[PDB]
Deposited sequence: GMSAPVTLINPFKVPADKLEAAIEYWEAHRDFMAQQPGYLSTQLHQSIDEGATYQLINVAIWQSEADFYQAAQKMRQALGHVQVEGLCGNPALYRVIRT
């Protein structure tokens, strides 16, 4: 197939009382990813209800699947309690 822009959606389970630590962890990772070829933008969303399943959900845009996968492999090398993400790639199918 041909490359096309993709969206990473990564919902996080944030431990009780550890939101700021989770944000700052996320920021360190964003700073690495933002330097990678194909990175376009991101929006880290915080739940209005602290009891939401996912108190943080990141939504990032990449130029292609290849660029994202290449960047994810590099981060395992560069950057390697209880914070749990579930990243997957998406495309928009309805509006």
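Gaps in the model relative to the deposited sequence occur at one place only, 81-84.
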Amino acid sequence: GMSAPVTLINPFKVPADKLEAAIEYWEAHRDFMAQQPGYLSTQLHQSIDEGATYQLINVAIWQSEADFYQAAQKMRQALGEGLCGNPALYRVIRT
From here on, numbers count along this sequence of modelled residues.
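For the segment pair 56-64 and 24-32, the entry gives 24-32 the higher mean B-factor, averaged over Cα atoms. Residue-level temperature factors show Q73 in the highest third of its chain, judged at the C-alpha atom. In the PDB entry, a CA B factor belonging to the lowest third of its chain's modelled residues is recorded for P11. Residue-level temperature factors show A4 in the middle third of its chain, judged at the C-alpha atom.
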